[PDB]
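Trainee: For reference, the structure I am asking about is given below.
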Amino acid sequence: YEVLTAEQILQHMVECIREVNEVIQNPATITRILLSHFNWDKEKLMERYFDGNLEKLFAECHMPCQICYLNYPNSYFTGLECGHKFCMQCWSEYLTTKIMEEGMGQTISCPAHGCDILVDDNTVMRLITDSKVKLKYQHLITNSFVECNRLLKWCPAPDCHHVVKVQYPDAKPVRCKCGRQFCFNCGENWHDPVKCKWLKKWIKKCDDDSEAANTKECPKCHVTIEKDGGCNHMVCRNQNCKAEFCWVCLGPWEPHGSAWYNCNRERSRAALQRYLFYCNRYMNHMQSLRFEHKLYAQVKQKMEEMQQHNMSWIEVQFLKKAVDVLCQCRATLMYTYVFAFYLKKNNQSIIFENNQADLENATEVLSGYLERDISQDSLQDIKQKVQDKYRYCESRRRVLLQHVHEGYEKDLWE
Ligand SMILES: [Zn+2]
Ligand SMILES: [Zn+2]
Ligand SMILES: [Zn+2]
Ligand SMILES: [Zn+2]
Ligand SMILES: [Zn+2]
Ligand SMILES: [Zn+2]
């Protein structure tokens, strides 16, 4: 995997757009519109210009200020070839509002707009003041280049304009330095157990519902509890009760980890019921995963504070790995609920039922540690606890997925 930025793509694109401008001689703005019409197959374009008329080929691809009326120094007016020149600010304003919304083409024509001769790319780049939107345009116009090209896929994050380039599209994990990780092929956050067809079945169904648990009330003292964290081992603070229960199911702790307790598991309405079950773990794990991403921030302080006193950088770096593994196992988990939802009751369903329930408690043992219980322990003691905790956490996942990878080898379920 190679990680590229947004500018690196636009710049790469410009070397591609420009080198093909012999003989086209049409400026970079035009060539890409052409290269989009012929869809970034190169030779397929050059041909269509030669053997027949270009006119048709184009047609397939088709003192004061004049906006805020005022007089400015000539330096403040930038013009187009059309012979209209307005404020640098009126431009940035006509630019930004036009690029944001609504969903537009790849063009941005003249501001007077009856003058429509499209503003060339670079001149749109210089002119947009806010850096956030400059990235949007960069993405906007570039979209065809990476869309029409295999091995180049956008980072599937709302704020990330980076793009991953691969040798071959094998559907494996990739890390964007985002630091988000995702399935290469379908472009969803890395789902190890599930299949893209099955995982995409949910995005339609999860979106199907028109109607995420922020607060809940204690089973023992009945007192209200807000969710902060993190692991689901819940100790409610009221002098009344020391419970000590589980968040997802409001039953106690620790029959969790015991074999006698499964935390894992007219006919028309019977379906929406078992969905509400299975989705609730998917949703609650995502929230419990979110508050773990905070730990990366605290872990930089935990290591910088620990290291100055006693040990060496190589020695402390296990403390990031704990969070890495924890954030790894937390992702692996909520996706096994895409897996478990569709696969039904078969003799292979109850075997993986155990690996998950073993992994579920694996996370809560680690996630509950790095949350609260960690800061009280001694430095010599903690390193051993963190180690043996995420050793099991990591082992479980490989043992969990050991099955799942051979379970799809010869069809066991659906
Ligand atoms: Zn103006
Ligand atoms: Zn004009
Ligand atoms: Zn990213
Ligand atoms: Zn996928
Ligand atoms: Zn209570
Ligand atoms: Zn539970």
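Counting starts with 1 at the first residue shown.
Going by what the header records, the deposited coordinates were determined by X-ray crystallography, 3.6 Å.
Any Cβ shown, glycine's included, is placed from N, Cα and C.
These came from Swiss-Prot, pasted as-is:
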ACT_SITE  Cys231  active site
BINDING   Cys65, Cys68, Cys87, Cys90  Zn(2+) 1 binding site
BINDING   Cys82, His84, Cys110, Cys115  Zn(2+) 2 binding site
BINDING   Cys155, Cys160, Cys176, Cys178  Zn(2+) 3 binding site
BINDING   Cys183, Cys186, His191, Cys196  Zn(2+) 4 binding site
BINDING   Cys218, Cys221, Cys236, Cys241  Zn(2+) 5 binding site
BINDING   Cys246, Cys249, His256, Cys263  Zn(2+) 6 binding site
MOD_RES   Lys42  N6-acetyllysine
REGION    5-53  region 'UBA-like'
ZN_FING   65-115  zinc finger
ZN_FING   135-196  zinc finger
ZN_FING   218-249  zinc finger
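Burial and contacts for the listed features, if you can.
Mentor: Mapped onto three states, the DSSP output places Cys231 (active site) in coil.
Using a 10 Å Cβ-Cβ cutoff, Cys87 (Zn(2+) 1 binding site) registers 18 neighbours.
Classification of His84 (Zn(2+) 2 binding site) by DSSP places it in coil, neither helical nor stranded. For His84 (Zn(2+) 2 binding site), other Cβ atoms within 10 Å of its Cβ number 16.
Around the Cβ of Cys160 (Zn(2+) 3 binding site), the number of neighbouring Cβ atoms within 10 Å comes to 18.
Neighbour list (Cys196 (Zn(2+) 4 binding site), Cβ cut-off 8 Å, at least 6 residues apart, same chain): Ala171, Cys183, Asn185, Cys186, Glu188.
In the three-state DSSP assignment, the secondary structure recorded for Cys236 (Zn(2+) 5 binding site) is coil.
Sequence-distant neighbours of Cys246 (Zn(2+) 6 binding site) (same chain, six or more apart, CB under 8 Å from its CB) are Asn232, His233, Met234, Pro252, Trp253, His256, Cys263, listed in sequence order. In three-state terms derived from DSSP, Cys246 (Zn(2+) 6 binding site) belongs to an extended strand segment.
DSSP assigns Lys42 (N6-acetyllysine) to coil in the three-state reduction, outside any helix or strand. Other Cβ atoms within 10 Å of the Cβ of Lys42 (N6-acetyllysine), summed over all protein chains shown, number 12.
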Trainee: From the centroid of the CB atoms of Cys65, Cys68, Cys87, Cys90, the recorded Zn(2+) 1 site, which same-chain residues not already listed sit within 8 A by their CB, in sequence order?
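Mentor: So the extra residues in range turn out to be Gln66, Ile67, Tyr69, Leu70, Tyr72, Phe86, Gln89, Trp91.
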Trainee: Indicate the candidate from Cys176, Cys231, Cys236, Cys241 with the smallest number of other Cβ atoms within 10 Å of its Cβ, considering only these recorded positions.
Mentor: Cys241
Trainee: Across the 21 unmodelled residues, what Cα distance in Å links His62 and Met63?
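Mentor: A straight Cα-Cα distance of 33 Å links the two sides of the gap.
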Trainee: With DSSP as the yardstick, break the zinc finger (65-115) down into helix, strand and coil residue counts.
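Mentor: Within the zinc finger (65-115) the tally stands at 16 helix, 6 strand, 29 coil.
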Trainee: Against which stretches of its own chain does the zinc finger (218-249) lie, if we need a Cβ under 8 Å and a gap of at least six residues from its ends?
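Mentor: Distant Cβ neighbours of the zinc finger (218-249) are 256, 263, 280-281, 284, 287-288, 291-292, 363-364, 366-368, 371.
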